[PDB]
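Visitor: First the structure, which I've put down as structure tokens, then a few questions once you've had a look.
None of the figures in this text is laboratory data; all of them are computed from the coordinates on show. Because the Cβ atoms are built from the backbone with ideal geometry, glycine has one as well, and the counts that use them run over all protein chains shown.
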Amino acid sequence: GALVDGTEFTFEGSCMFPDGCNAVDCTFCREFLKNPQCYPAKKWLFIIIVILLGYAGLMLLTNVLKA
Amino acid sequence: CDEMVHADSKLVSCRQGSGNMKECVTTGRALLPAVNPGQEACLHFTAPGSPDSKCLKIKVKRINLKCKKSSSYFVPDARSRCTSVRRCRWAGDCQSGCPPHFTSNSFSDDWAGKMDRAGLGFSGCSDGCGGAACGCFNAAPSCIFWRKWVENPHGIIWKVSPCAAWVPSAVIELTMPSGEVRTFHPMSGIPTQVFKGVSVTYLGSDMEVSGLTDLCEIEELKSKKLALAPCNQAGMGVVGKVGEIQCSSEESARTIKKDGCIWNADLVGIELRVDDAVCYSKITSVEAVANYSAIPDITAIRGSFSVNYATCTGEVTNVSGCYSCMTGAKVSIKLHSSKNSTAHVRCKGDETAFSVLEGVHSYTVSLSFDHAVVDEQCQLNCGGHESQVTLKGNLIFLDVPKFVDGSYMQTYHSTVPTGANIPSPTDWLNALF
């Protein structure tokens, strides 16, 4: 699981040199959380949105089920 | 090397045989931690003088479980042949009472004494035919003399050793400071001391051990394959064991001529008749008689070494990505130096030491390290101190940046946080009272 991942075997081939290249896309579990971001209140504000809007969608479903 | 320990150069005795390059002879003891498999460990040498120093690289390759050959024995393929010379009485004139003493090597009866193609086969008289049927007209019976051969027409030879144990050991390659490379296999689970050149390596940590029954190895000289068995062995051939003939010379392992190898009492099947004796045997082949399978803190002591003895620039070029991966990230540096030399640690790298070696040209030699953020400062590499600095964003095991799909699930999780407490606060007044 390296990037090049090139190695050697000694019985008769006598340690040749292969080349490889790998991206790192796999299961995303990690002990660290998220990543360092510039933020500076231009990015944090865009992250924060209306909360009652999410409550609005559930509210309409309650009206139809009883009706 | 990631783990690196310097020597203890307090032992100082150097004779100034030459003024341009110094000389020194030293010894001691060292305690270096065991490196991960597939990587090499270092050992730094220091001298009171500044410019020159050397290194020593110890490379591990494998971890496995072998055991040491406490003994060694060869086994030929025995066969039983037997002859019979049948004198009759007054014509062989053999004694009325068969001589209880028997000469087991000469046999003067048939051509005096010579090389015997058997390994100490026995001797004897027998019962006697006498009369007109056997035809030599004497009434009294006739003694018969018999041989037994343990023989090997086209052998297939096995060498065996009863270690009867299993302890971890590894594969080591070694780098003398001069430039020699000598291989060997240290049994570093046991405080064995392998001898070579000036240095000797010894025990490590038995971080896991296991148990196993009385088994040991069987190998073939033509190298058919490798076999395993209960593999009993001692100075003698005990009853019912795998190895009966235990013989101690490969060049004499084709035939049976060396004395070292040892027979079994009454092993060969001689049986008599009214005229002459016939051959049989009770020996067992190695296979299918008792077979239970079929194969499909490293530290060193120092002797009396042979230790030997300007402008230089670092000029890094790039950075790779690893933090908190068991190998570390690999960094390349493009240097040049007017002399053949070795480098040393960067103080601010804050991760590990250095031990590079260069030729007199512009080359690059790349080494492995890991960090949260690149600093790369304060190295007393070569000749003079230089303070070079790098900068690059390192790669670590994280989540996936490719699609940012986890971002969508992050927004969904924070849903109706204040709503639950709002309904809880009104219910709390009712539930508490």
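Visitor: Given the criteria under 30 Å from A:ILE51 (Cα atoms), outside any loop (DSSP other than H, G, I, E, B) and either within 14 Å of chain A (Cβ to nearest Cβ) or in contact with a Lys or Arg (Cβ under 6 Å, 6 or more places away or on another chain) (or both), does B:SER368 qualify?
Guide: Values: under 30 Å from A:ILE51 (Cα atoms): no; outside any loop (DSSP other than H, G, I, E, B): yes; either within 14 Å of chain A (Cβ to nearest Cβ) or in contact with a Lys or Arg (Cβ under 6 Å, 6 or more places away or on another chain) (or both): yes.
No.
Visitor: Please note which strands (runs of 3 or more DSSP E) are completely contained in the stretch B:123-176 and include at least 3 residues that are more than 21 Å from B:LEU226 (Cα to Cα).
Guide: On the way: elements: B:149-151, B:158-160, B:167-174.
Answer list for the stretch B:123-176: B:149-151, B:167-174.
Visitor: Would you pick out the residues in the stretch B:303-340 that are basic (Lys, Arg) and assigned to a loop (DSSP other than H, G, I, E, B)? Outline the logic, then answer.
Guide: Step one: list which residues in the stretch B:303-340 are basic (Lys, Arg), which gives B:330, B:334, B:339.
Result: B:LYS339, single match.
Visitor: For the stretch A:34-47, state whether one or more residues are closer than 29 Å to B:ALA420 by Cβ, part of a loop (DSSP other than H, G, I, E, B) and within 14 Å of chain B (Cβ to nearest Cβ). Before the answer, list the steps.
Guide: Our first condition is that a residue be closer than 29 Å to B:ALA420 by Cβ; within the stretch A:34-47, this holds for A:34, A:37, A:39, A:41, A:43-47.
Then drop every residue that is not part of a loop (DSSP other than H, G, I, E, B), which leaves A:34, A:37, A:39, A:41.
Keeping just the survivors that are within 14 Å of chain B (Cβ to nearest Cβ) gives A:34, A:37.
For the stretch A:34-47, residues closer than 29 Å to B:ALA420 by Cβ, part of a loop (DSSP other than H, G, I, E, B) and within 14 Å of chain B (Cβ to nearest Cβ): present.
Visitor: Let me ask another. What's the number of the condition A:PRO40 fails, among (1) at negative phi; (2) loosely packed, with under 10 Cβ neighbours inside 10 Å?
Guide: Condition not satisfied by A:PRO40: (1).
Visitor: Failed condition for B:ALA372, given (1) under 30 Å from A:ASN35 (Cβ atoms); (2) loosely packed, with under 13 Cβ neighbours inside 10 Å; (3) small (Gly, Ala, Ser); (4) touching a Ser or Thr at 6+ places or on another chain (Cβ under 7 Å), with all others met?
Guide: B:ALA372 satisfies every listed condition except (4).
So that you can scan it fast, the table gives a plain yes or no per residue for (1) under 30 Å from B:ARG254 (Cα atoms); (2) surrounded by 13 or more Cβ atoms within 10 Å (Cβ to Cβ):
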residue	(1), (2)
B:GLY197	no, yes
B:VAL200	no, yes
B:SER210	no, no
B:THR213	no, no
B:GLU217	yes, yes
B:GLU220	yes, yes
B:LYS225	yes, no
B:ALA229	yes, yes
B:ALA234	yes, no
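Visitor: A further question on this structure: Taking the stretch B:325-348 as the region of interest, how many residues are away from every other protein chain (no Cβ under 14 Å), more than 20 Å from B:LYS54 (Cα to Cα) and surrounded by 18 or more Cβ atoms within 10 Å (Cβ to Cβ)?
Guide: Final tally of qualifying residues: 1.
Visitor: Let me ask you something else. Considering only residues that are within 11 Å of chain A (Cβ to nearest Cβ), of a type in the set (D, E, K, R) and surrounded by 11 or more Cβ atoms within 10 Å (Cβ to Cβ), which ones fall in the stretch B:385-408?
Guide: Of the residues in the stretch B:385-408, the ones within 11 Å of chain A (Cβ to nearest Cβ) are B:393, B:395-407.
Narrowing further to those that are of a type in the set (D, E, K, R): B:399, B:402, B:405.
The answer is B:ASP399, B:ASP405.
Visitor: Would you mind finding the one in A:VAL4, A:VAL50, A:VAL64 that is away from chain B (no Cβ under 11 Å), of a type outside the set (D, E, K, R) and in a loop (DSSP other than H, G, I, E, B)? Reasoning before the result, please.
Guide: Details: A:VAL4 fails: away from chain B (no Cβ under 11 Å); A:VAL64 fails: in a loop (DSSP other than H, G, I, E, B).
Of the residues listed, the single one that is away from chain B (no Cβ under 11 Å), of a type outside the set (D, E, K, R) and in a loop (DSSP other than H, G, I, E, B) is A:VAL50.
Visitor: If the Cβ limit is 7 Å and pairs must be 6+ apart or interchain, which residue in the stretch B:409-428 that is surrounded by 11 or more Cβ atoms within 10 Å (Cβ to Cβ) pairs with which residue that is assigned to a helix (DSSP H, G or I) and hydroxyl-bearing (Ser, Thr, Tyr)?
Guide: B:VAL416/A:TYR55; B:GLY419/A:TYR55
Visitor: Checking the condition at positive phi and surrounded by fewer than 19 Cβ atoms within 10 Å (Cβ to Cβ), which residue from B:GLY113, B:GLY92, B:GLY135 passes?
Guide: Details: B:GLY113 fails: at positive phi; B:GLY92 fails: at positive phi.
The unique qualifying residue is B:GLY135.
Visitor: Out of (1) in a loop (DSSP other than H, G, I, E, B); (2) touching a strand residue (DSSP E or B) at 6+ places or on another chain (Cβ under 8 Å), the odd one out for B:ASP350 is which?
Guide: Unmet for B:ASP350, out of (1) in a loop (DSSP other than H, G, I, E, B); (2) touching a strand residue (DSSP E or B) at 6+ places or on another chain (Cβ under 8 Å): (2).
Visitor: Among the residues of the stretch B:295-310, is there at least one that is loosely packed, with under 13 Cβ neighbours inside 10 Å and touching a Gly at 6+ places or on another chain (Cβ under 6 Å)?
Guide: Yes, some residue in the stretch B:295-310 is loosely packed, with under 13 Cβ neighbours inside 10 Å and touching a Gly at 6+ places or on another chain (Cβ under 6 Å).
Visitor: Quick one: in the stretch A:7-33, which of the residues that are within 11 Å of chain B (Cβ to nearest Cβ) and of a type in the set (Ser, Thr, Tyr) is surrounded by the most Cβ atoms within 10 Å (Cβ to Cβ)?
Guide: The extreme case among them is A:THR7.
Visitor: Quick one: how many residues across the stretch B:409-433 are within 11 Å of chain A (Cβ to nearest Cβ), farther than 30 Å from B:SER324 by Cβ and among the small types (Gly, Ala, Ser)?
Guide: Residues flagged as within 11 Å of chain A (Cβ to nearest Cβ), farther than 30 Å from B:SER324 by Cβ and among the small types (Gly, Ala, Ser) within the stretch B:409-433 amount to 1.
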